[PDB]
Amino acid sequence: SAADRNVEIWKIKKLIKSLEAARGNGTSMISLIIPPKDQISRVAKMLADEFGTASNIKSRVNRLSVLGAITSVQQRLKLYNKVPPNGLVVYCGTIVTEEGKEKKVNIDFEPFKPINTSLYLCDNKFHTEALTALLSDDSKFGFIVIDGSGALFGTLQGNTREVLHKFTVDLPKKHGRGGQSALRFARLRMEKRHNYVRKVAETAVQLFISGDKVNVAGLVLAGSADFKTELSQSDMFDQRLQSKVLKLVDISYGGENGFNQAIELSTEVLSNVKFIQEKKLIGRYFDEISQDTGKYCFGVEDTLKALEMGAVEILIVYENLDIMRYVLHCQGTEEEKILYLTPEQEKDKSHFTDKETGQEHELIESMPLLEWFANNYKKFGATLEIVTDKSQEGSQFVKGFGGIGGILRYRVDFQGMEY
Amino acid sequence: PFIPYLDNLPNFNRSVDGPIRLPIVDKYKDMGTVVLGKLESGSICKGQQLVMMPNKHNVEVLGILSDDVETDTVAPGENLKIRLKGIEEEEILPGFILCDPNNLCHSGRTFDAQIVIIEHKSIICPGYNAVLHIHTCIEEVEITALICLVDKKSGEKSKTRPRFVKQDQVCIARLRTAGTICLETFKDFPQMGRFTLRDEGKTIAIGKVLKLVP
Amino acid sequence: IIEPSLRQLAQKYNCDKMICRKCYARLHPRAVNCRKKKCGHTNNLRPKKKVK
Amino acid sequence: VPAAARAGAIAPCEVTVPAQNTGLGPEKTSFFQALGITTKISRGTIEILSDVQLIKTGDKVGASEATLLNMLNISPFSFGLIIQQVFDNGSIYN
Amino acid sequence: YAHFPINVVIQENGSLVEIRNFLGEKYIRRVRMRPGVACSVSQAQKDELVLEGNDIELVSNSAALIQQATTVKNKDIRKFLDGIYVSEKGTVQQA
Amino acid sequence: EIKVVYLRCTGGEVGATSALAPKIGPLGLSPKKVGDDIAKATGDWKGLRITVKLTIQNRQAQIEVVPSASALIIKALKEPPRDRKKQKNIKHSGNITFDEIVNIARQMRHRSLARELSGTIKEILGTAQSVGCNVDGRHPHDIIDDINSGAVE
RNA sequence: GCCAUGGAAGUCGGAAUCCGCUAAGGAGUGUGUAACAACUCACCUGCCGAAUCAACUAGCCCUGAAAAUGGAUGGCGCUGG
Ligand SMILES: [Mg+2]
Ligand SMILES: [Zn+2]
C-alpha cells in the first residue's frame, strides 16, 4: 500500500539512525549486505576461502570477532534458503551498550525493495546508510542569490534547505566621482557590474554545470534590479543550460529571506515536493487562524482532546516529534489512561503515585504517536500531514505548538468557549 | 510653502558632541575610498583615528566635503563625505559605522525590541526572517523567541506566555540578525535605534530597539 | 462596507432556501413537498449550502 | 425577580438606559454609536459622556437596545404577578 | 450595495425610474411603473424608495419589476448581495 | 472577586483529570494544588466523589463541603473505597434505610435545593437508583412502607 | 445526577431517566457546544373557541415513459361525456 509505504519511509529513517548509533567498546562488527544475483554456494565458497585465510590473523579480539562472525553469518544464511530477491541485509556483531552489556548480536532481514550495496565491513558500527540513501529520492535544487550588497548560493532538498557558499565584491557605487566622470559613469559602471556578472556567471557554471551538463536538477537564479536577467541572457551562461533554465526570481534587500521568498514564488514550480505542499497547507491553516471561522485547534492538550471528540479535518504532525503519552495502569480496576505532562512536571514530580492507597504509580509499555496515527487514522477520519521541522513554517509550528495541531470540521472559539 | 517653512523652522536636533559615531551609507573608489553618512552622534576631527563597527577596524579618514565643502572638523548631525585610507578594504559593509576607538559603540547579535505589527500578515511564529534596518546599517535578521503580546492603547503587558499572535497585536520580541550588526537603544539613540521588519510586497512591522547584547 | 442588517436581508431573499434533490429547484425554507410537476411533489429536500 | 429584558414585548412606560461602563476591553463601538450615545476611549477603555433615553412608552425593544439590558441583567420592570380584584365571601374589592 | 453606488433618478413625476451605474454597467434600466402609482425618493434617508398607491397588486408588481430588473447574471448571488430590496410595508396614515 | 463553583471531585482520592483551571484559573489560586488540598482535606469519603464548593477570590480559594445525595446513600452503604479508576461492576449491595434517606433528604433540604419531604427523598433516591441500590426495596416498596408504616414526625 | 470515563454537567460510548413549581420545563431537537456562553428545542400561561392530529390501505389521475418518410381509440371529434 501507498500509505504504508510512507510509514516505512519514516519508520526506516528512525530505524536507520539507531543502526548507525550502536557502537563497540573496542571491537568490530561484521556488516554484510549481499546483493541478489549471487549464488549461496558461491558466497559460501568466496567466504570459506576468505575464512581459511581469516583463520590466521594475529589479534585475539579482532580475529575471534571475524572468525565467529563468519560462522554466525553462515548460520544466518543457513537460515536463508537462497540469496533472496532484491537484496539481502545482514548485521552480525558484538555491540556493547550502556550499563556494561557484553552483548552478542544477530540482525538478519530480507529487504523491502531492491538494494544495491555489496557491503562487507568488519567495523565498529552497523550501516543502513544504504537504506537512507535509498529513501531520500528527490533531486537537489540550487539557488543563486545576487545583490549589490553581496551574493549567496544555497541548495534545496524535499524538506531540507542548505547553504553552499556566499561572498562579497567591492563594486564602487554610483556617486563615484562627479563632473568629470559622472557623464561616463553609467557606461563604466555597467561594465563593472557586468564584470560582477561574469564572476556570478562563473560561480553558476562551477556549480550548476557538470561537464557542460547539469548534475543538479533545478537551478533558481535570483537577484534584484534585473541582476538575474543579465545572468540568464548572458553568453557566458551555457546554452545547454538555457534549455533547462527553470526560473529566475526577483528579491528585495538581497539574501536568505529573499532566497526564501524566491522559493515562495517558486512554490508552483516545486509542486512534487512535500515542502511545497506543506507551504500551501500551512498557508491555508494560517488563513484559518487569521479568520474568525474558528476551524483551528492547537496543542497536544487540546488537539488530542479535539481528536478524541472528532472534529479534526487535518492533523498536522512532524514525522519525528519525540513527544510522549504516559500510560498509567492499575492493578485491580484495569483503567489504562494516557497523560500529557509538561517538561517540568514530567521529569521531576510526584504525580504518578496512588498516595491514597500508599503506593507508587507505574506506567506500561508506551507506543509511538505517529505509528499510532498510521495504525488508526481511518477510525478518526483525519488527514495526516507529514511535516518536517526544517522549513520556516514546519520548523516554527514544530518548536512552539508541539509539531502537531489541526484544522477542525467546525468552529470552536476557545476564548469565547470557557472550557 | 515647504522651503520657506524650513526657513521659519529651526526645530531640528543638531545631534551634538557625545561619543563620536559615523554611520556609513555607501562607498566607492576614486583614488581611495569615499563613504557617505549622517553623523548621528559625536564629532570627528578629520586628522584623527576612528574605528568602524561591528567588524572593528582601525581607520583614518583622508578627506571630507561637508555635503559640498572641504573641511577639517565637523559636529554630529550632518550628511558627511568621508574618504578613508583603508587598511581593511574589501570586507567592509555599507552600514558598518565608525565609532570612537575608546568610546566604542555597542553592537550585537541578540537584542530585544518592542515591535508594533502592521502587516506580517501571517502568524509570526518563532524563527521568521526579514531584514533589520538601522539607519545606515542593514542586516538580514531572524526572530528566535516571542516574549509577549501588548495592547496598543493602555499597554499593560500580560503574565502568561501566549501560544500565538495574529496580524495586528503589538508585542515584545527578540530579534537575532545573521551576523554582527549596529544596534542602538531607544534611550541612548532613537535615531540610531528605530528599525524595520521586511519581506515580500508587505511591510511586516515597526520595531523599537531596546537592548544591545555583546 | 455594508450593514449586517441589510446583509441578512439579502440572505433572506437569496440564500435562506430549500432545494429539491431531483430538479435542483429553489423553494421556500419551510416547505414539505416540491412545487414542480416534473419531479412529482417530492418530499426529498435539502437546505441550500451556505457560503462561507 | 428582575429577569432579562425582552427584545420584543410591548412597553407600558418608558424604558431607560443609564450611563454606565461596558466592562470590556477593545470592542466594537458600532452597537452604541449606531444609536446615538457618546462613548469615548478613555485610554483604551471606553467611557460614556452623555445620558440619553432610548425607548419611549409603547415601543418594540430591539436587539441592540436589548443588548445592554442583557449585559446588565437588570429589568426596568420585573416579570411578575399583577393583582386584578380581591374577593371576600361574595365581596369585590377594587 | 457594496462598492459601486447606484445612481437612481425619477422621471415623469414618479412614473418612470432610470437606474444607472449598477455594477458599473453601461446599460441603464428605464423601468416603468404601473398606472396609479407614485414613486418618490424619501427625505431624511439616503437609500430609500417609496412607492405609494391604492392598489396593492399594481404596487407590488411594479416593485418586483424593479427588483428582477436589477438581477446579477452568471454570478454567485450568495456573495454579490447587490440591488434593491423591500424593507418595510406599511400605510400612509396609521390606524 | 468572589465566585462559587461546583466540583464533582474524586474525593480523598487524587483525580487524574482536572476541571479546575477553566473556572478557577482566571481568578488566581493554582487549581491543582487546591485539587490535592481538597482531596486531602476530604479524606474519609476517600474513593467516592464529593461536590466540593469553592468560593474563590483573586488571591486564593476557599473550600466548603457539599455532600451529595448519591454519595450520602453509598456512605450509608459500607463500600470499599477506591482509586480514581473506580472498577467496573460496582453494583451496590446493602439496604438503604428509610430513616437514613430521610436524613439525606434533610441534608439536601438543608442546602435548600429541592422540595418538601416528598420531592427531596425522590431526587436523592432517583440519583440513588443511578447508584444501583435499594432501600430494602425500591420506591414501589416504599409506597407500601409509607402506607400504614409511616416514619413521620 | 451517578456509574462509565478524561467528560457527558442537554448534545462519543455507556449507565442514567427520578423529583420540584406546575399551566409546562429532557440529565435535552438543531445552529452552535469536550459541557456552557450566543442563537435555538420539547413543555405552558395570554387571547383564541370545534372539531384535531399520526401511521397504514386501496380506488382514479400524475411523475417514472427515448428513434429515425408526415400519422392514427377506424376517422371526424368528445370534458352536465
Ligand atoms: Mg465563473
Ligand atoms: Zn423537484
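Virtual Cβ from ideal backbone geometry, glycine too; neighbours counted across all protein chains shown. Please treat every number below as a calculation from the coordinates, not as lab data.
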Report summary line: Footprinting proxy, A:190, B:31: sorted fewest to most Cβ within 10 Å, the residues are B:31, A:190
Report summary line: Of the listed pairs A:355/F:88; B:187/B:211; A:355/F:86; A:140/A:228, those with alpha carbons more than 18 Å apart are A:355/F:88; A:140/A:228
Requested in this report: Any chance you could count the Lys pairs in chain C whose alpha carbons are under 19 Å apart, treating pairs 8 or more apart or on different chains as valid?
Outcome: 15
Query raised in the report: Using the Cβ atoms and a cut-off under 12 Å, what net charge is assigned to the surroundings of residue A:143, where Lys and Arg are +1 and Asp and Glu are -1?
Result: +3
Query raised in the report: Near the amide H of residue B:131, under 5 Å away, which other amide H atoms are found, from residues 5 or more places off or on another chain, if H is placed in the peptide plane?
Result: B:141, B:198
**Report entry** Relative contact order computed over chain F (Cα-Cα under 8 Å; 6+ residues apart), in percent
**Finding:** 21 percent
Requested in this report: Calculate the translational D of chain B in whole µm² s⁻¹ from Stokes-Einstein, where the hydrodynamic radius comes from the Kirkwood formula applied to all Cα pairs, the temperature is 20 °C and the viscosity 1.002 mPa s.
Outcome: 115 µm²/s
Query raised in the report: Remind me, relative contact order of chain A in percent, using alpha carbon pairs under 8 angstrom and six or more residues apart?
Result: 14 percent
Report summary line: So, with points 7 Å from each Cα along the Cβ direction, the residue E:1-residue F:118 label distance in nm works out to 7.0 nm
Query - Residues listed by number, segment E:56-95, amide nitrogen under 16 Å from residue E:11 label point at 7 Å toward C-beta - result: E:66
Query raised in the report: With springs only between Cα atoms under 10 Å, which of A:300, A:43, A:216 fluctuates most in a Gaussian network model of chain A?
Result: A:43
Report summary line: Expected max-MSF residue from F:89, F:134, F:103 in the GNM of chain F (alpha carbon, under 10 Å) is F:89
Query raised in the report: Among the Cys residues of chain B, which have no other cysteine Cβ under 4.7 angstrom away?
Result: B:45, B:125, B:148, B:171
**Report entry** In Å, descending, principal axis extents of the Cα set of segment A:4-134
**Finding:** 47, 40, 22
Query raised in the report: So if we plug the beta-carbon distance of residue A:79 and residue A:366 into 1/(1 + (r/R0)^6) with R0 = 30 Å, what FRET efficiency do we get, rounded to 0.05?
Result: 0.40
Report summary line: Rounded to a whole number, the Stokes-Einstein D of the protein assembly as shown in µm²/s (Kirkwood radius over Cα pairs; 4 °C; 1.567 mPa s) is 34 µm²/s
Query raised in the report: Convex hull volume of the Cα atoms in segment A:99-138, per residue, in Å³?
Result: 124 Å³
Requested in this report: Could you work out the local net charge near residue A:268, counting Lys and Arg as +1, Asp and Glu as -1, over the other residues with Cβ closer than 13 Å to its Cβ?
Outcome: +2
Query raised in the report: Can you pick out the pairs among A:174/B:46; A:279/B:38; F:40/F:78; A:13/A:37 whose Cα atoms lie more than 30 Å from each other?
Result: A:279/B:38
Report summary line: residue A:129 and residue B:70 label points (each 7 Å along its Cα→Cβ direction) are spaced in nm at 6.7 nm
Report summary line: Taking every DSSP bridge whose two residues both lie in segment A:289-408, the antiparallel percent to the nearest 5 is 70 percent
Report summary line: Plugging the Cβ-Cβ distance of residue C:1 and residue C:35 into 1/(1 + (r/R0)^6) at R0 = 30 Å yields, to the nearest 0.05, a FRET efficiency of 0.25
Report summary line: Whole-percent tail of the Cα-Cα distance distribution for segment A:141-288, cut at 26 Å, equals 31 percent
Requested in this report: Report the equivalent ellipsoid semi-axes for chain E in whole Å, largest first, defined as the square roots of five times the eigenvalues of the gyration tensor built from alpha carbon atoms.
Outcome: 24, 15, 14
Query raised in the report: Spin-label point model (7 Å from Cα, Cβ direction): what's the residue B:58 to residue F:144 distance in nm?
Result: 11.4 nm
Report summary line: To the nearest 0.05, the calculated FRET efficiency linking residue B:152 and residue A:86 through their beta-carbon distance, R0 being 60 Å, is 0.40
Report summary line: A convex hull over the alpha carbons of chain D yields, per residue, a volume in Å³ of 110 Å³
Query raised in the report: In Å and whole numbers, how far do the C-alpha atoms of chain A stretch along each principal axis, longest first?
Result: 91, 74, 39
Query - Dipole magnitude of the protein assembly as shown, debye to nearest 20 (Cβ charges: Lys/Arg +1, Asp/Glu -1, about Cα centre) - result: 2840 debye
Report summary line: With +1 on the Cβ of every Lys and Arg and -1 on the Cβ of every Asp and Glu, the dipole magnitude of segment B:61-131 about its Cα centre, in debye rounded to the nearest 20, is 340 debye
Requested in this report: Can you put A:98, A:162 in order of Cβ neighbours within 10 angstrom, beginning with the fewest?
Outcome: A:98, A:162
Query raised in the report: For residue E:18, what charge total do you get from the other residues with a beta carbon under 15 Å from its beta carbon, if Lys and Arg give +1 and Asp and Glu give -1?
Result: +3
Report summary line: Extend 7 Å from the Cα of residue A:344 along its Cα-to-C-beta direction; within segment F:16-37, residues with backbone N under 19 Å of that point are F:18, F:20-22, F:24-37
Query raised in the report: Sorting A:10, F:45, A:372 on the 10 Å Cβ count, fewest up front, what's the list?
Result: A:372, A:10, F:45
Query raised in the report: Using the alpha-carbon centroid of each, what span in Å lies between segment D:19-94 and segment A:173-210?
Result: 76 Å
Report task. For segment F:22-149, just run the numbers: alpha carbon Rg, then divide by 2.2 N^0.38 Å, N being how many residues it has. Result -> 1.23
Query - segment E:55-95 versus segment B:64-119: alpha-carbon centroid distance in Å - result: 69 Å
Report task. Could you please state, rounded to a whole Å, how far the C-alpha centre of segment A:58-78 is from the C-alpha centre of segment A:234-307? Result -> 52 Å
Query raised in the report: residue F:23: which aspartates and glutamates have alpha carbons under 19 Å from its alpha carbon, excluding same-chain residues fewer than 8 sequence positions away?
Result: A:301, A:302, A:413, A:418, F:1, F:36, F:37, F:64
Query - Listed pairs A:244/A:390; A:104/A:347; A:166/A:274; A:166/A:247; A:17/A:113; A:17/A:378 exceeding 25 Å between Cα atoms - result: A:244/A:390; A:104/A:347; A:166/A:274; A:17/A:378
